[PDB]
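Residue numbers (our numbering), protein chains in the order written: chain A, 177 to 224; chain B, 1115 to 1222; chain C, 342 to 465; chain D, 39 to 86.
Every residue, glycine too, gets a C-beta built ideally from N, C-alpha and C.
Working notes, structure below.
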Amino acid sequence: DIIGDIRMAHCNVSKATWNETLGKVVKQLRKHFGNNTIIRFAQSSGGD
Amino acid sequence: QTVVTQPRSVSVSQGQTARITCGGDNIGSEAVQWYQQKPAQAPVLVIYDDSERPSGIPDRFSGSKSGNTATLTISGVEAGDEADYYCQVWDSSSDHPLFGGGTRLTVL
Amino acid sequence: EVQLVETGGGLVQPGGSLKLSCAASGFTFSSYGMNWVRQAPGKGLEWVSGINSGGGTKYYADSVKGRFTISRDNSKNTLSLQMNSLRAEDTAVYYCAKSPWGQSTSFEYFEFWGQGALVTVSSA
Amino acid sequence: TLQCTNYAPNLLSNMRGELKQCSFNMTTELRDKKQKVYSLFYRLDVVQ
Ligand SMILES: *[C@@H]1O[C@H](CO)[C@@H](O[C@@H]2O[C@H](CO)[C@@H](O[C@@H]3O[C@H](CO)[C@@H](O)[C@H](O[C@H]4O[C@H](CO)[C@@H](O)[C@H](O)[C@@H]4O[C@H]4O[C@H](CO)[C@@H](O)[C@H](O)[C@@H]4O[C@H]4O[C@H](CO)[C@@H](O)[C@H](O)[C@@H]4O)[C@@H]3O)[C@H](O)[C@H]2NC(C)=O)[C@H](O)[C@H]1NC(C)=O
Ligand SMILES: *[C@@H]1O[C@H](CO)[C@@H](O[C@@H]2O[C@H](CO)[C@@H](O[C@@H]3O[C@H](CO)[C@@H](O)[C@H](O)[C@@H]3O)[C@H](O)[C@H]2NC(C)=O)[C@H](O)[C@H]1NC(C)=O
Ligand SMILES: *[C@@H]1O[C@H](CO)[C@@H](O[C@@H]2O[C@H](CO)[C@@H](O)[C@H](O)[C@H]2NC(C)=O)[C@H](O)[C@H]1NC(C)=O
Ligand SMILES: *[C@@H]1O[C@H](CO)[C@@H](O)[C@H](O)[C@H]1NC(C)=O
Ligand SMILES: *[C@@H]1O[C@H](CO)[C@@H](O)[C@H](O)[C@H]1NC(C)=O
């Protein structure tokens, strides 16, 4: 049994760093898909 | 709401068996205890989860859940086992512990 | 030797408050969900005022709902129940309990009882 | 085949209906006696 009180199990990623890392990747993907295009991310689709 | 009825104060005398019945609505949701208590004393658990008993209780107590009305079958008597017995069958939809009524046991 | 010691007052007129205390110099009291029941000199039993082992749930019955409270201070083995409205008297005795799961309900029983049951009466 | 119930009111609404306490039979050392046990399992392990 569980002693205490229950929460979820979670993970933290610092928002100031993760913004800079996606900013560095999306500068690099312009070389492979044309310079004038407006890159959008999304969630996962489905499956197991 | 949901009633748990049981007979008012059944009393056999030295027949060495007694069947304090219980029941009501949907049993099949753990008719769970019987809780012997003597006057001016503390209540004592006697049978939990309607098949086993805790360590320290003699085996004159035996329970069975049959169909929709569970019951407690004691086999044997004593001059110090005249007490009160009542069900604790409920936990659903509302406040989870719900005792029901009472039943007095006397032998002659 | 696992037992419960109690303090409790009585004879409080029906406009005041009362605070009951149940203590446990027995088992490891940081894991089990203690409860309360009541008994008038009369009909039978009635359930009130459950709690988990962290003080984070504290659910109640349907006749005392939104009218009272439960405190639970660990690390010195103390439960604190605090009746505060005190309506027209349902004169009853109060028992301290222990449930050998912790954390929750959905089939719960009571191993050891405290039998310290001093009464609220509100007489003249 | 094993029987289970949900937990507390647990009105946080993140962990409501997640932990699924169960009970079942399980064979002991000696071949012709049975042992009754209580445990629990996360929601992605049981299917009704
Ligand atoms: C990832 O990101 C998340 C979100 O950004 C971060 O979550 C933050 O986590 C903080 C700590 O977990 C949390 O602070 C908490 O705030 C509440 C309400 O203000 C406060 O009650 C908590 O108090 C604990 O810590 C203080 C420090 O001053 C202690 O004084 C206090 O006693 C509490 O300690 C508890 O844990 C101890 C463990 O041994 C116990 O010994 C202690 O007694 C106590 O446990 C019991 O006591 C309480 C009172 O009886 C009772 O309520 C409790 O349930 C136990 O029964 C704490 O300060 C932030 O609020 C939270 N941020 C949010 C939610 O936005 C997280 O840190 C990040 N990092 C990681 C690695 O996950
Ligand atoms: C674990 O093992 C015990 C061993 O007793 C199992 O209890 C048994 O379960 C069966 C199935 O319900 C019971 O049979 C029933 O008999 C009544 C008699 O009227 C009938 O009306 C029902 O339709 C059903 O056929 C059996 O009596 C019962 N044994 C005892 C001693 O009560 C139990 O089911 C096993 N599993 C779990 C999850 O506990
Ligand atoms: C992830 O955890 C690490 C350590 O568990 C954090 O690193 C420390 O963060 C505190 C913030 O108060 C700093 O004072 C320390 O200097 C950091 N380093 C060490 C070695 O303790 C890190 O900040 C956490 N990340 C996030 C996003 O919370
Ligand atoms: C992330 O960084 C970019 C450029 O570094 C900035 O324009 C933006 O405001 C930041 N925040 C978010 C939430 O995108
Ligand atoms: C896009 O950028 C690259 C370098 O950043 C540049 O060489 C290229 O000419 C740009 N695309 C267009 C259409 O000007």
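query                                                                                                                                                                   : result
Within 10 angstroms of its Cβ, does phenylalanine 62 (chain D) collect 16 or more other Cβ (buried), or is it exposed?                                                  : exposed
Going by beta-carbon coordinates alone, are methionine 424 (chain C) and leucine 359 (chain C) separated by less than 7 Å?                                              : yes
Comparing C-alpha positions only, which one of B:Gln1130, B:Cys1136, B:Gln1128 sits nearest to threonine 1119 (chain B)?                                                : B:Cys1136
Anyone know if the C-beta pair for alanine 1197 (chain B) and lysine 1152 (chain B) falls short of 7 Å?                                                                 : yes
Quick check on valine 389 (chain C): buried or exposed, where buried means 16 or more other Cβ atoms within 10 Å of its Cβ?                                             : buried
Show which residues of chain A have a CB atom less than 7 Å away from the CB atom of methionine 64 (chain D).                                                           : Going along chain A, no residue has its Cβ under 7 Å from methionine 64 (chain D), so there is no contact; the nearest lies around 18 Å.
To the nearest angstrom, report how far apart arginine 1122 (chain B) and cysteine 1201 (chain B) are at their CA atoms.                                                : 13 Å
Taking the alpha-carbon positions, what's the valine 189 (chain A) to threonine 197 (chain A) distance?                                                                 : 12 Å
Can you tell me which residues form a DSSP beta bridge with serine 362 (chain C)?                                                                                       : C:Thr348, C:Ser421
Are the C-beta of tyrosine 400 (chain C) and some C-beta of chain D separated by less than 7 Å?                                                                         : yes
From which residue to which residue does the alpha helix (DSSP H) around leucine 198 (chain A) run?                                                                     : 191-204
Given that a residue counts as buried once 16 or more other Cβ atoms are within 10 Å of its Cβ, and exposed if not, what is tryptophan 377 (chain C)?                   : buried
Among C:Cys437, C:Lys384, C:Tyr450, C:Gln456, which residue has its Cα nearest to the Cα of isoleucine 411 (chain C)?                                                   : C:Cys437
Do we get a CB-CB distance below 7 Å when we pair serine 372 (chain C) with the residues of chain A?                                                                    : yes
When every heavy atom of ligand 3 is checked, does at least one fall within less than 6 Å of the C-beta of residue 313 (chain C)?                                       : Look at the range of chain C in this structure, 342 to 465, and you will see that residue 313 (chain C) is not part of it.
Please enumerate, following chain order, all residues with a beta carbon closer than 6 Å to at least one heavy atom belonging to ligand 4.                              : A:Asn195, A:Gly199
Can you name, in chain order, every residue of its own chain whose Cβ lies under 6 Å from the Cβ of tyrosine 45 (chain D), other than the five neighbours on each side? : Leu57
Quick check: is the beta carbon of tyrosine 45 (chain D) nearer than 7 Å to any beta carbon in chain C?                                                                 : yes
What does the shell around ligand 3 hold, if a residue joins when its beta-carbon is under 7 Å from any heavy atom?                                                     : A:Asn188, A:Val189, A:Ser190
For the pair the segment 443-457 of chain C and the segment 368-377 of chain C, tell me if three or more CB-CB distances fall below 8 Å.                                : yes
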